[PDB]
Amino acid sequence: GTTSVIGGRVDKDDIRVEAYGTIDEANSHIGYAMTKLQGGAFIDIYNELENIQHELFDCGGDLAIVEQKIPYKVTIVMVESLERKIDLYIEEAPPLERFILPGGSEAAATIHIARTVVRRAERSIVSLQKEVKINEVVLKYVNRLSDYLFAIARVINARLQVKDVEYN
């Protein structure tokens, strides 16, 4: 009925468990999207995604810490790293002049799914924060991550010469 966390134990359906459990779910979706980005044209994105998976483990670990039992690993440095990539990718992709619908190339499509799962994880983290103090940087990281995912989804389509699917 309960599970152990870092510095204590909580019920298996505790919002804390839901939080890092959904981070795990998002990390798994990214893992799948990566199998679609093994092309030589995406070595950079694949490599960045791979690192993000480790950082997601960092996020899950931090969220599992009760009363700062051990040091937090997610820092503002990792958030700013994502922000720089987001800027670069927005620059690479064609100008955004229409509302985008999720889809296009299969790689971009799976990235859009991962994007929504990351956003779902963010909501769970917000819920956790409402009852216990957390590494607030984790929330910022996950928030920027969905923006990063949206950005590379459009870059993935563009590199493959596929127009983004637009609301029209």
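Residue numbers run from 1 along the displayed sequence.
Student: Using only the Cα atoms and their B-factors as the entry lists them, report which of 116 to 124 and 63 to 71 averages higher.
Tutor: Per the PDB record, 63 to 71.
Student: Averaging the C-alpha B factors as listed in the entry, name the stretch that ends up higher: 3 to 11 or 159 to 167.
Tutor: Averaged over C-alpha atoms, the B-factors run higher in 3 to 11.
Student: In the PDB entry, which of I100, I111, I52, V138 has its C-alpha at the highest B-factor?
Tutor: The listed residue with the largest C-alpha B-factor is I100.
Student: Take the CA temperature factors straight from the PDB entry and tell me which of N143, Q38, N47, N27 peaks.
Tutor: Highest CA B-factor of the listed options: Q38.
Student: Place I152 in the lowest, middle or highest third of its chain's C-alpha B-factors, as listed in the PDB entry.
Tutor: For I152, whose C-alpha B-factor we compare with every modelled residue in the chain, the answer is the lowest third.
Student: Determine, from the deposited record, the chain-internal third of the Cα B-factor for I23: lowest, middle or highest.
Tutor: It falls in the bottom third of the chain.
Student: Split the chain's modelled residues into thirds by Cα B-factor; is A107 in the lowest, middle or highest one?
Tutor: Within its chain, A107 is a lowest-third residue by C-alpha B-factor, going by the deposited values.
Student: Would you mind checking where the Cα B-factor of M34 ranks among the modelled residues of its chain, as the lowest, middle or highest third?
Tutor: CA B-factor rank for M34: lowest third.
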